[PDB]
Amino acid sequence: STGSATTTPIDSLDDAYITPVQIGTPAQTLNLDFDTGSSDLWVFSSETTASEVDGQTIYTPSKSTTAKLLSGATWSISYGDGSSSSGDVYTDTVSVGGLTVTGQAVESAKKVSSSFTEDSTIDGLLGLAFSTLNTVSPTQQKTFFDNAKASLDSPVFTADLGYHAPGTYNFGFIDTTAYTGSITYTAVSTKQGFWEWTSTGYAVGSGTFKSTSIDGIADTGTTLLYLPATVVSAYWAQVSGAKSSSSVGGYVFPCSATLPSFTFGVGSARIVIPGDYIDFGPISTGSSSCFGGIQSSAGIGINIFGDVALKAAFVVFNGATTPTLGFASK
């Protein structure tokens, strides 16, 4: 089997992407944030504290003839950015782009933190990291991909995120029309539960390539590109007036700037992030200070190849017995 679904930016900055997901019988369609950095499929629901729902579409398990309470199971997750959610668990039928999993754990939120409430466009998350990170207790549950894998034509999914435009998540096949050149594959460590890999270096604009190993995660659920402070300083030094602002929480730059590109290495191959992808707009409405899309990972504990990086590539998440990651230009 295969599946193919369009993923759409939630706003004009590509702060996140949402993908429609069918849950239950009859189908209830929710728009979920596909997150290769976590492993829980959780949704706003009829059980979510009423004051914490503000415009999201909810899953109502009592209206699904295929929903079953997973008795005794609870979940609770806290993301790196400080947001969180928790609740109980149902199993139900879940379909993405025509690919169907029966008996998928659907984690129903009883509580969500303020940032979730405040974002009316995201109805929940669909985790695509390794199932070892799944938070369901006392019986850990499998991700949608893990459950689908054996049925898929090939045990892979691909992320093709758009810049200020829709893109595609495919399951079970590689669309050879969706990228240019060849796909370069690189090793993955699953030791921390992430799609963790090592970039071979970087360049800033038309500058020379610096060969250096950068360990990090391929994380569709993180907006920005977070790299070591040395790398980030080298990038922003090429933008007149750019500076790190403790009050704003990262590098800012004059909105009048033209940003240089940033290149990262994948083996001997190179992925070029155009400068415009690195612009996240005014820090507050009407400001002429703009927020940068490349930020320091110092104090995160890991480097993160988030959407800014991934949207410059066609990315293969290869879930073979020994997982790997593939990157192509597009």
Side-chain angles (χ1 to χ4, degrees), residues 7-18 33 37 54-55 79-83 113-122 161-167 199 202-210 214 216 219-242 244-264 270-300 302-313 330:
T7 193
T8 302
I10 64 166
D11 62 23
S12 66
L13 299 177
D14 300 346
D15 281 314
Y17 299 78
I18 50 174
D33 185 351
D54 187 4
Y79 299 98
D81 62 13
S83 67
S113 63
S114 59
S115 57
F116 287 115
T117 299
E118 289 162 2
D119 183 6
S120 65
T121 70
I122 291 176
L161 303 179
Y163 166 67
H164 295 178
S199 170
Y202 70 98
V204 176
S206 59
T208 61
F209 187 84
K210 176 74 171 180
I214 305 295
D219 184 3
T220 58
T222 290
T223 313
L224 306 185
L225 174 52
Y226 294 89
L227 292 172
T230 47
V231 178
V232 176
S233 180
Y235 179 81
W236 289 108
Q238 298 304 310
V239 180
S240 188
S244 182
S245 167
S246 60
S247 60
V248 175
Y251 280 87
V252 296
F253 69 92
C255 293
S256 62
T258 300
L259 296 178
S261 65
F262 184 89
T263 300
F264 63 95
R270 304 289 180 254
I271 300 295
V272 179
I273 305 172
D276 293 341
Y277 290 26
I278 298 160
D279 176 20
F280 280 74
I283 60 170
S284 292
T285 306
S287 180
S288 73
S289 184
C290 273
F291 198 67
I294 296 178
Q295 294 296 345
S296 180
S297 66
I300 297 176
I302 198 158
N303 300 303
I304 307 171
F305 294 86
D307 299 334
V308 162
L310 303 181
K311 76 179 80 169
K330 65 186 186 191

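Counting begins at 1 with the first residue of the sequence. Both backbone and side-chain heavy atoms feed into the values below; hydrogens, waters and symmetry mates do not.
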Exercise. Any chance NZ of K330 has more than 12 other-residue heavy atoms, nucleotides or ligands included, within less than 6.0 Å?
Worked result: yes
Problem set entry | Qualifying residue, where the test is ring-ring contact (aromatic ring centres under 6.0 Å, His included) with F264 and the options are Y235, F305, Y202 | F305
For this session: Report the residues that fulfil side chain to side chain donor-acceptor pair (under 3.5 Å) with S287, sequence neighbours left out, ordered by chain and then residue number.
Result: none
Exercise. Does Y17 use its side chain to pair, donor to acceptor, with the backbone of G162 at less than 3.5 Å?
Worked result: yes
Exercise. Looking only at heavy atoms, what is the nearest atom pair of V308 and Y277, with distance?
Worked result: CG2-O, 3.8 Å
Exercise. What is the minimum heavy-atom distance between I122 and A16, and which atoms define it?
Worked result: CD1-CB, 4.0 Å
Exercise. Looking only at heavy atoms, what is the nearest atom pair of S296 and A298, with distance?
Worked result: OG-N, 3.0 Å
Exercise. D15 and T223: which non-hydrogen atoms are nearest, and at how many Å?
Worked result: O-OG1, 2.7 Å
Exercise. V252 and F291: side-chain contact (heavy atoms from CB on, under 4.5 Å), yes or no, with the steps?
Worked result: CA-CA 5 Å; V252 296; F291 198 67; 4.1 Å; yes
Problem set entry | Polar side-chain atom of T7 near backbone of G167 as donor-acceptor pair, under 3.5 Å | no
For this session: For the pair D219 (side chain) and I304 (backbone), establish whether a donor and an acceptor sit closer than 3.5 Å, ignoring hydrogens and angles.
Result: no
Exercise. Can you list the residues that meet the salt bridge (charged side-chain N to carboxylate O under 4.0 Å, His left out) rule with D14, with sequence neighbours excluded?
Worked result: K311
Exercise. Any side-chain heavy atom of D307 sitting closer than 4.5 Å to one from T222?
Worked result: no
Problem set entry | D119 side, atom CG; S114 side, atom OG - distance, nearest 0.5 Å | 11.5 Å
Exercise. At what distance, to the nearest 0.5 angstrom, does CD1 of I271 lie from OG of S199?
Worked result: 10.0 Å
For this session: Measure the OG-CD1 distance between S120 and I10 for me, rounded to the nearest 0.5 Å.
Result: 8.5 Å
Seminar exercise, completed: Nearest heavy-atom contact between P260 and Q238 is CG-CB, 4.3 Å
Problem set entry | Heavy-atom closest pair, residues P166 and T8 | CB-OG1, 4.2 Å
Problem set entry | Check against side-chain contact (heavy atoms from CB on, under 4.5 Å), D279 and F253 | CA-CA 9 Å; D279 176 20; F253 69 92; 3.5 Å; yes
Exercise. Is the backbone N or O of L227 less than 3.5 Å from a side-chain atom of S297, with the two atoms forming a donor-acceptor pair by type?
Worked result: yes
For this session: Any chance you could measure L225, atom CG, to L310, atom CG, to the nearest 0.5 Å?
Result: 9.0 Å
Exercise. Can you tell if the side chain of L259 reaches within under 4.5 Å of the side chain of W236, non-hydrogen atoms only?
Worked result: yes
